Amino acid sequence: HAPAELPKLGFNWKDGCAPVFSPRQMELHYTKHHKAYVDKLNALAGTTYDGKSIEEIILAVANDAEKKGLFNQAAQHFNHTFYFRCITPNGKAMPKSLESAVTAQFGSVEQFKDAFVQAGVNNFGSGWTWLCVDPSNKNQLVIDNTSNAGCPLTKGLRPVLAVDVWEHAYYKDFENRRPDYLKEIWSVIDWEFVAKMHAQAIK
């Protein structure tokens, strides 16, 4: 929404997000990077976008050369809020309903994970790797790569899982090792949040 604010996380960022993220990695990501997106969004939006949800702001400003700055900050605020709800200490096991949807689409959970890591590894520069529901294709699950502030809402996709591949997301704990970050992140994924987003996306 607007005036936007840094959301409360499901866990204490001061303890990191064990076993994959250190307190420093979480501190920089949330209190520096996400907070800057929130502040800049509030500054570029002012009072103009009041009452609108962040999704509505994103859709109103997407592909508008005069409001690219606002698109970048609004989309990054949505993207980080989504990503920070996708992680939790020690993760949460995948509920049956989501495991079933992932298995039917990708052949297995391990085939999905391998396909998602490949997409993340090959997402050139700053970006995001997503698992979305495609309402224009029988609510099927699709892996989607976005560049910079790119947001799948602009494509009509319904996000269910977001993984940040901007270097700041992993540089403190993994340095140049984006493949290791992608392989290890599975240990902290809150699959109960993903299943909730999946269940809501299919109506």
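Numbers for residues come from their place in the sequence shown, where the first is 1.
Here the stretch with the larger average CA B-factor, out of 31-39 and 46-54, is 46-54.
Mean CA B-factor, 128-136 versus 77-85: the higher value falls on 128-136. Among the modelled residues of the chain, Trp13 sits in the highest third by CA temperature factor in this PDB entry. In the deposited entry, the Cα temperature factor of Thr154 places it in the highest third of its chain's modelled residues. Among the modelled residues of the chain, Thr146 sits in the lowest third by CA temperature factor in this PDB entry. Compared with the other modelled residues of the chain, the Cα B-factor recorded for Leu98 ranks in the highest third. For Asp164, the recorded CA B-factor ranks within the lowest third of the chain. Only modelled residues enter the ranking.
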